[PDB]
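Taking the form solved without ligand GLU, here's one chain by itself in structure tokens.
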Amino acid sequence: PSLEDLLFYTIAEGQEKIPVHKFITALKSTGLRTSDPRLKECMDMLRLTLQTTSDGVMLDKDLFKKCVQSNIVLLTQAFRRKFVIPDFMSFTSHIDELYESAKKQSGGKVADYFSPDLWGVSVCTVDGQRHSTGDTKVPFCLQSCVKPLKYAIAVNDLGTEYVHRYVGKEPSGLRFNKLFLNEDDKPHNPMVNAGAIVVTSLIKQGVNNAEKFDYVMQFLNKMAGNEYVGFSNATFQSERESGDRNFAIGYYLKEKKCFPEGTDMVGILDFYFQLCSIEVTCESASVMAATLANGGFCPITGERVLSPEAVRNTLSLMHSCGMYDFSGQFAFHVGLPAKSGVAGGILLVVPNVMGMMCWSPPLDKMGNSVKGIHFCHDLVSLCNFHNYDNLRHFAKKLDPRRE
């Protein structure tokens, strides 16, 4: 036997040669993208062999074999339907319905401190299967969607028990919404501004703020498989002009000796405003999400980006603390680690399956995207993705993991 050859006969049909368009539509139908970085060597060798001629072009058994031999292990598993969602092409048609029925919820206010009709969802599974619907490629800032990401970096570089010398691990209480510190004089959790600010003070001490920002950008690039990550100076300067609450928080933390020694608080706050003005798209962000869904390995490159300890802690606190005052209601009904931001984003993680990012700017009165919240409810109302759904007895729900 030869595993490059018998994949050739899976796609060949019995016909003696394989056209290359038939290979790319068979591939794009697994849900992989032909621009997948784990597919570079194979797609290099196929642009190479269509300069060779231009009369077709079908591939022999040795030509297909020498196009795919260095990527066949990932390609067989794709074609023997061994990915986390085997029937990926049906699943996106459900994503499309969930997207389109959430598209009809017009209500909400867009943050004013900017079209209210943008709405996009993007999926990245832990195997790299991708799909998008709507305005999936318009940049927007993470705002508070960065709080799990910089927390993950902090825990990765420093460990849990150092990070949680400075910030708690529990939800406030649905009217300790207003206190900055718990009773041990630590912020409640990394997902509120006070805790996020302290987490930002922990990343890359000893070096100046420009290199700190670069290190987080490098880190976010690995999480997104080197897809789109940018920076909006406009939101930066407007958050730097409007942040009297974050300035109040910084002065309270300084006096209560809540930062690591040698901290410049007023600078840390400017670093904090930079990190909330970082730009993503729904597609780039969904890869970040899928990195957390995949135990710390980026799904479209295979690179270990975050330690399992960071990814677990981050998923744990997005569960309890991730959707502002709606976190309890959200944890009960949806049961997924999620994190919302005031541009309208919701970074969503279905552990061991997929990462998601949906984005629509109109917010509900608790600060969460209306359409995003609607989509998340519908998704778990249709598939056994809820954290405490049973994988064997699940009533009317769908399990996209099965055939």
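Note that residue numbering follows the sequence shown and begins at 1.
The protein also exists as the form solved in complex with ligand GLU; that form is not presented, and the subsequent description refers to it.
**Q** Mark residue 272 yes when one of its heavy atoms lies within 4.5 Å of a heavy atom of ligand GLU in the bound PDB entry, and no otherwise.
**A** Residue-level check for residue 272: yes, a contact with ligand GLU.
**Q** In the bound PDB entry, does residue 199 come within 4.5 Å of ligand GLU, counting heavy atoms only?
**A** Contact with ligand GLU, no.
**Q** Does any part of residue 355 reach within 4.5 Å of ligand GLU in the bound PDB entry? Heavy atoms only, please.
**A** Residue-level check for residue 355: no, no contact with ligand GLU.
**Q** For residue 342, is any heavy atom within 4.5 Å of ligand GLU in the bound PDB entry, or not?
**A** So residue 342 counts as contacting ligand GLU.
**Q** Would you point out which of 201 to 209, 298 to 306, 239 to 247, 92 to 100 contains residues with a non-hydrogen atom within 4.5 Å of ligand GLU in the bound PDB entry?
**A** Heavy atoms within 4.5 Å of ligand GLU in the bound PDB entry occur in 239 to 247.
**Q** Only one of 287, 276, 154, 318 comes within 4.5 Å of ligand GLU in the bound PDB entry by heavy atoms, so just point that one out.
**A** Checking each option against ligand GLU in the bound PDB entry, the one that comes within 4.5 Å is 276.
**Q** Though ligand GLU is not shown, can you say which of 213, 324, 83, 166 has a heavy atom within 4.5 Å of it in the bound PDB entry?
**A** Of the candidates 213, 324, 83, 166, 324 is the one lying within 4.5 Å of ligand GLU in the bound PDB entry.
**Q** Check for me: heavy atom within 4.5 Å of ligand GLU in the bound PDB entry, for each of 113, 144 and 193, yes or no.
**A** Yes.
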